Amino acid sequence: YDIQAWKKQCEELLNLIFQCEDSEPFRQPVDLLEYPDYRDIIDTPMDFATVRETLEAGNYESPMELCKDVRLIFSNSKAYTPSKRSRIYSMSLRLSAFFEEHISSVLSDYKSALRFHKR
Ligand SMILES: O=C(O)c1ccc2ncsc2c1
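Report on the accompanying structure. (Residues numbered from 1 in each chain as written, not as in the entry; some residues may be left out. Heavy atoms only, no water. Residues with missing side-chain atoms left out of burial classes, pairs and counts.)

### Things to note about empty space enclosed by the protein
At step 1: Of the pockets and cavities examined, the largest cavity occupies roughly 30 Å³.
At step 2: Listed by contribution, the elements that provide at least two residues to the lining of the largest cavity are helix 1 (6-19) and helix 4 (63-80).
At step 3: Of the residues belonging to the lining of the largest cavity, the class tally is seven nonpolar, no polar and no charged. (1 Å grid on protein atoms, 1.4 Å probe; cavity = no way out; pocket = protein on both sides within 12 Å on 5 of 7 lines; lining within 4 Å. Points joined across faces, edges and corners; volume = space filled by probe spheres on them. Helix = DSSP H or I, 4+ residues; strand = E, 2+ residues; numbered from the N terminus. Nonpolar A, V, L, I, M, F, W, Y, C, P; charged D, E, K, R; others polar.)

### Focus on the nonpolar core
At step 1: If you look at the biggest cluster of nonpolar residues, it comprises 25 residues, and the most contacted ones within it are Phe48, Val51, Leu66, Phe99 and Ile103.
At step 2: Contributing elements (two or more residues each) for this core: helix 1, helix 3 (48-56), helix 4 and helix 5 (87-118).
At step 3: Ignoring sequence-local partners within four residues, the contact set of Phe99 consists of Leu13, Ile17, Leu66, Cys67, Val70 and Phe74. (Core = buried A, V, L, I, M, F, W, Y, C linked by side-chain atoms within 4.5 Å. Buried < 20%, exposed > 50% of the residue type's maximum accessible area, 1.4 Å probe, protein only. Contact = heavy atoms within 4.5 Å.)

### Thoughts on the packing of aromatic side chains
At step 1: Applying the stated criterion across every chain, the model contains six aromatic pairs.
At step 2: For the ring pair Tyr38 and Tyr80, a centre distance of 4.9 Å and an interplane angle of 65° mean the geometry is edge-to-face. In this pair, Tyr38 is assigned in helix 2 (residues 38-41) and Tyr80 in helix 4, connecting sequence segments 42 residues apart.
At step 3: Between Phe74 and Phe99 the ring centres are 6.4 Å apart and the planes differ by 55°, which places this aromatic pair in the tilted class. One end of the pair, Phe74, is in helix 4; the other, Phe99, is in helix 5, and 25 residues separate them in sequence. Each member of the pair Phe74 and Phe99 is classed as buried.
At step 4: Among the aromatic residues, ring-to-ring pairing joins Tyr35, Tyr38 and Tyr80 into one connected group.
At step 5: Directly above the ring of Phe18 sits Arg52, whose terminal nitrogen or CZ lies 3.9 Å from the centroid.
At step 6: Looking at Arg119, its charged tip hangs above the ring of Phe116, at a distance of 3.8 Å from the centre. (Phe/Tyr/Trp six-rings, centres within 6.5 Å; stacked < 30°, edge-to-face > 60°. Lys NZ or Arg CZ within 6 Å of the ring centre and 35° of its normal.)

### Focus: the pattern of salt bridges
At step 1: Enumeration according to the criterion identifies two salt bridges in this entry.
At step 2: Ionic pairing is found between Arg94 and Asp22, a salt bridge with its closest N-O pair at 2.8 Å. Taken together, the residues span a long stretch of sequence, with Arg94 in helix 5 and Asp22 in the loop between helix 1 and helix 2 at a distance of 72 residues.
At step 3: Put simply, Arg71 and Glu100 hold a salt bridge, and the shortest N to O gap is 2.9 Å. Of this pair, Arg71 sits in helix 4 while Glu100 sits in helix 5, and the two are 29 residues apart along the sequence.
At step 4: By relative accessible area, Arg71 is classed as partly exposed at 44%. (Salt bridge = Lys/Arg side-chain N within 4 Å of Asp/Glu carboxyl O.)

### Section: the packing of helix 1 against helix 5
At step 1: Where helix 1 contacts helix 5, the axes come no closer than 10 Å and their chain directions differ by 170°. The angle between helix 1 and helix 5 falls in the class roughly antiparallel. Together, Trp6, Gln9, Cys10, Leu13, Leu16 and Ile17 of helix 1 and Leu95, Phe98, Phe99, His102, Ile103, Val106 and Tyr110 of helix 5 make up the contact between the two elements. (Axes fitted to C-alpha atoms, helices over the stretch in contact; angles between N-to-C directions. Parallel < 35°, antiparallel > 145°, perpendicular 65-115°, else oblique.)

### Section: the side chain of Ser62
At step 1: Examined against the element boundaries, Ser62 turns out to sit in the loop between helix 3 and helix 4.
At step 2: Residue classification places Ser62 among the buried positions, given a relative accessible area of 8%.
At step 3: Other than its neighbours up to four places away in sequence, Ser62 contacts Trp6 and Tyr110.

The structure is reproduced here in structure tokens:
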């Protein structure tokens, strides 16, 4: 019933993601010199370094807010890809399955801790 435990759990999950080869296209902001039309398609850029910085600055109040920004990385890849068979989109799909399998328990434990506090 530890209400603060999600923060270290999210830091450790981001460490695993940065070790995965599939995260390489998503670690830093998409390079606008390599992809000059990117901001004609994508309104709100997001990347894992920005998520980690926001966490470490104390600017997430809940793991749900972190989960919204990581899901934006994946939805931006799906909206920008020219093919649902592309290399970089195929990487985003595998990474999203890994993220979703690991974030599940973080969110369940946090919500359980809040309910116990409110009891
Ligand atoms: O060139 C592609 O296939 C492609 C697909 C998704 C994507 N997400 C950020 S950069 C990028 C490039």
